[PDB]
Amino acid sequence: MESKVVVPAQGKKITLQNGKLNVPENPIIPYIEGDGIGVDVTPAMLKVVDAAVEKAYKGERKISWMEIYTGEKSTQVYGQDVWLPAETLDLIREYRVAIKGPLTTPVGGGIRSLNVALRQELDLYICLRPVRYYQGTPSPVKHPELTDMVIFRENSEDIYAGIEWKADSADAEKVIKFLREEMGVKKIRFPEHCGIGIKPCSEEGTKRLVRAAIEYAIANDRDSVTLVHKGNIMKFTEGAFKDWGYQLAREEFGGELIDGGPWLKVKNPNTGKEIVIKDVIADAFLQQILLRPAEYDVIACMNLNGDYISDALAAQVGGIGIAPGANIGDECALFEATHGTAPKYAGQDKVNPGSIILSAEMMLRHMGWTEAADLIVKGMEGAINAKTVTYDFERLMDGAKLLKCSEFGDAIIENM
């Protein structure tokens, strides 16, 4: 079967030189519509982004969107069982920057998370989730405005990597036998009818993630980088992540001891500001983001903890449905809606397109088109402040004007 992807006639491919993106005035940007509500939110995003680009650069620049496939629609286009075509991985890597709506992974066929597959296959080791409050957003907490953090979640290792064997399977037994007999493991409480998962954490995986977090703090003049981990129980994976993170701050960024430690101070080479490098145990951290949110800024953590932390933070600022996200690697980057597919509402032009729109903001910023990105933030801030919002926000407030998904996209443009 032929590829059904159509490369835009006008449009030029983004290139990478010396680890720096070279973006033309007419970049081809691949996009995955997404399953379920992706059908609603993606078009709102395309329109909002085109408007921001048109307004910022007065017609000098323009994105040539190219639809590519993954998920339920991919099976519709390429046939039963084509959930993630090879061409999709090829195209994201070739065109360097892409965006996607929510994806659904089927159940019953032994297929693992399509979102994780994209991240692992493309080696997008940074899951970047910035979380801030937008004035006017209904929130369950008293001071959501105190939250302004950026989460760097390791995206290629941890238990999130999918190495595991089913209870009572021949493989599980084999592994448990090796552990008990050759490794002398005495701590498996019930070795029978027991499932087994493997959690890897490496020095190289940890350091490339923490390096990106510290460079971001420097590049954006943030106040601190907090290593969040559960090292007091998982000494060799979570504890090693923390140790390697502090070690990297010392070896590559000149970090030095604050008082008697354990915190370090790293001098911002551009501003002379001292960035604090600290650490917090993960369970205590889930309490601290609620109780002392103002004391945290950039966060570096492992895969599973990052998933929890980014979700908990989004909820607290009232942003469960407008949280942006990016998966970034050394050769390419994939921006994404961070919510699910909400099939019950699919096609109703009802849901909030804010998450994919703000992920597009991160995308434009990543491309160096910061003026267009600033216009989207401005637009989002004005529409929410105007209380002209979708039902998920409207239902939580008094005096709001209820808008359709498409209408909220226009409200964002109207506020640019």
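A residue's number is simply how far along the shown sequence it sits, counting from 1.
Student: Which is higher in the entry, the mean Cα B factor of 355-363 or that of 66-74?
Tutor: Result: 66-74.
Student: Would 185-193 or 76-84 have the larger average of its C-alpha temperature factors, as given in the entry?
Tutor: 76-84 has the higher mean C-alpha B-factor.
Student: Per the coordinate record, which of the options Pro200, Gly205, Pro293, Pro269 holds the highest CA temperature factor?
Tutor: Comparing C-alpha B-factors across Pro200, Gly205, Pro293, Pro269, the maximum falls on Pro269.
Student: Can you tell me which of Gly306, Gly325, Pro262, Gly231 has the maximum CA B-factor listed in the PDB entry?
Tutor: Comparing C-alpha B-factors across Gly306, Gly325, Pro262, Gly231, the maximum falls on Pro262.
Student: Where does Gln120 sit by CA temperature factor within its chain: lowest, middle or highest third?
Tutor: Answer is middle: the recorded C-alpha B-factor places it there.
Student: Using only modelled residues of the chain, where does the Cα B factor of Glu381 rank: lowest third, middle third or highest third?
Tutor: According to the entry, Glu381 has a C-alpha B-factor in the chain's middle third.
Student: Can you work out whether the C-alpha temperature factor of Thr104 puts it in the lowest, middle or highest third of the chain?
Tutor: For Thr104, whose C-alpha B-factor we compare with every modelled residue in the chain, the answer is the highest third.
Student: What third of the chain, by the recorded C-alpha B-factor, contains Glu33?
Tutor: Within its chain, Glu33 is a middle-third residue by C-alpha B-factor, going by the deposited values.
Student: Check where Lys344 lands among this chain's C-alpha B-factors and tell me if it's the lowest, middle or highest third.
Tutor: CA B-factor rank for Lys344: highest third.
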